[PDB]
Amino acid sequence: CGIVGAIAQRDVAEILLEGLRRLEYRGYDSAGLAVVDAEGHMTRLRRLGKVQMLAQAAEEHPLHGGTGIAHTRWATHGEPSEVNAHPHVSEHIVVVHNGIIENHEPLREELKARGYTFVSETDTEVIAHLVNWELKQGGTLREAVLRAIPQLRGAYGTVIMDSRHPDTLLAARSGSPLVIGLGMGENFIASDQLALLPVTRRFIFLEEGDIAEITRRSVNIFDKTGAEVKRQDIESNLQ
């Protein structure tokens, strides 16, 4: 239900937690985050419960790394539990997701035949294993995500990262909002601009069907056929 992501030189865990504090929708049930450092070391922490519980856990095990994604969940598929909380993983592929993957069943079956173990009951987890699958077929994360997204049906927003290549985040808007926040030598993404105001006031709103490749220094947006599209940045005057 709430997504925040960041790709920066500085540690982003505190920015992600502050973003989640700004995305605490009535009835959400769990929260989690994953950060990866420059050497590809990933730390993921999830909790059934409130962002404050996650924040307290993060205080104990300080999470270093300039690339990360975080999520508050409002469960639709799978009961609230830490196992089902986001980020979900498929080895090096880490995903957070808002909305629903309608065709999760057939997809889950295909991936199971490809040798993938599902550990959660969520529709989300199919996104992770599928991008893992596509990436195995060769190409960059952007290319794999371009192949993946058409296979997914439903109303969703997702941000994906590959812990082996922590210099890029991929994001796709396909029935649920996402907005990019532009920083200086760092970039952010959230499902609501309100999450990002502490660190930037300049935004690019993704449009329906947009897939964005975000690095510390560049934002490149494409549609599903892989065509590059131009989206305007705007300065927000909200406090």
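Just count from 1 along the sequence shown to find any residue number.
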Higher avg CA temperature factor (139-147 vs 112-120, as deposited) belongs to 112-120
Looking only at C-alpha temperature factors in the entry, 185-193 or 26-34, the higher average sits in 26-34
Select one of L130, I160, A85, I101: the residue whose C-alpha shows the highest B-factor in the crystal structure entry. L130
The residue of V96, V126, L169, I93 with the maximal C-alpha B-factor according to the PDB record is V126
Comparing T43 with the other modelled residues of its chain, is its CA B-factor in the lowest, middle or highest third? middle
Tertile call for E60 (CA temperature factor, within chain, third-based) is the highest
Comparing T72 with the other modelled residues of its chain, is its CA B-factor in the lowest, middle or highest third? lowest
Comparing against every modelled residue in the chain, figure out the third that the C-alpha B-factor of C1 lands in (lowest, middle or highest). middle
Taking the values exactly as deposited, rank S218 by C-alpha B-factor within its chain and report the matching third: lowest, middle or highest. lowest
